[PDB]
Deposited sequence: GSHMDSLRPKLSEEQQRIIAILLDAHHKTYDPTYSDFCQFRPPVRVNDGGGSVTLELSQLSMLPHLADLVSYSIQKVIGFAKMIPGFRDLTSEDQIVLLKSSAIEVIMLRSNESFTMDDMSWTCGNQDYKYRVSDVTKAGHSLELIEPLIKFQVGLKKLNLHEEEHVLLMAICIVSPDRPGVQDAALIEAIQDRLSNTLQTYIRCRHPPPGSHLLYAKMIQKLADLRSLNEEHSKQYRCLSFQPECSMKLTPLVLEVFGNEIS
């Protein structure tokens, strides 16, 4: 019912987050030529044996994800209050939310035109087949695509988008966090900002939208778990480490 105006602080928080995102997410995907080249081997049959023996798309996707983790670390460091946390808690939050924030931020390149993540020309267009070529199974990819569509249909304003990513990162319910109270205080500040923003730009669906966004955060936890299970399997493949990156190995190891 009540639609309070955004406070000076809330406006500042949003401005900071938008700026942080603009500085850490390149919508032109101009750095992609620097990643190891994508290689797409003939695997129309979706053979797990062939996929694991080759992992043809893994070097490229590992680089893309590693690159993205670095950008997420930068984004996170710009989240108001994040610096107030101990280095220990910052690292715990980053490592635990990295893959989730990547899935969230990738919605910007995701397109419902053909259900793909398009980052420019055909070379940098990723579909389900490309992810299976990196060693993952439909058990993860299909729910992820479903997640991308659901998120895409929320038609989030960039303000809502960056707040959602910040809230995802600053979560007190991450295993290993030491000062859950401080983290919850920061998250509440961000959550209150989001709730206020939604009510200001969306008439009472304001309540429906916030609930839907929070549900996406729950969906991300499940996706995170499935990815971890599959990463474990992938790591068993001999010589897989060389196809990944040091950051990826640490974050998901």
Exercise for the section: Could you please spell out the deposited residue ranges that have no C-alpha entry in the coordinates? Expected result: 1-5, 210, 260-263
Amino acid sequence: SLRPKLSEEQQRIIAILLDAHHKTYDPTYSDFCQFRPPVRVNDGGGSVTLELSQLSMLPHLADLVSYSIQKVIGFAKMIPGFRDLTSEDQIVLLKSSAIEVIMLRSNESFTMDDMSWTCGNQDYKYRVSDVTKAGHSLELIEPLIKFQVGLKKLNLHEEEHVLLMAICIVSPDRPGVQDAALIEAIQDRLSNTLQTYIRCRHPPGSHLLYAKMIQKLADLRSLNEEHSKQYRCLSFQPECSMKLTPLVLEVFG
From here on, numbers count along this sequence of modelled residues.
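By rigid core we mean the largest C-alpha set that fits within 1.5 Å across both forms.
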Handout entry: Of 219-227 and 194-202, which departs more from this form in 8 other deposited structures of this protein by CA RMS after core fitting
Key = 194-202
Problem - Unresolved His207 in a third or more of other entries flanked by modelled residues - result: yes
Problem - Higher-B stretch (mean Cα B-factor, as the entry records it), 22-30 or 38-46 - result: 38-46
Practice task
Read off the CA B-factors in the entry, average them over 59-67 and over 215-223, and name the higher stretch.
Solution key: 215-223
Handout entry: Candidate set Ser171, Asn121, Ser116, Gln148 [ranked by C-alpha B-factor, highest]
Key = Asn121
Completion exercise
Scanning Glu100, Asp84, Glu159, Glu108 for peak Cα temperature factor in the entry gives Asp84
Exercise for the section: Looking at the entry's B-factor column for C-alpha atoms only, identify whether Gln237 ranks in the lowest, middle or highest third of its chain. Expected result: lowest
Problem - Third of the chain, ranked by Cα B-factor, where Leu138 sits - result: highest
Exercise for the section: Going by the recorded CA B-factors, say which third of the chain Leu208 sits in, lowest, middle or highest. Expected result: highest
Handout entry: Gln54 CA temperature factor, ranked by third within the chain
Key = highest
Fill in the blank from the handout: Sorting the chain's modelled residues by C-alpha B-factor and splitting them into thirds places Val92 in the lowest
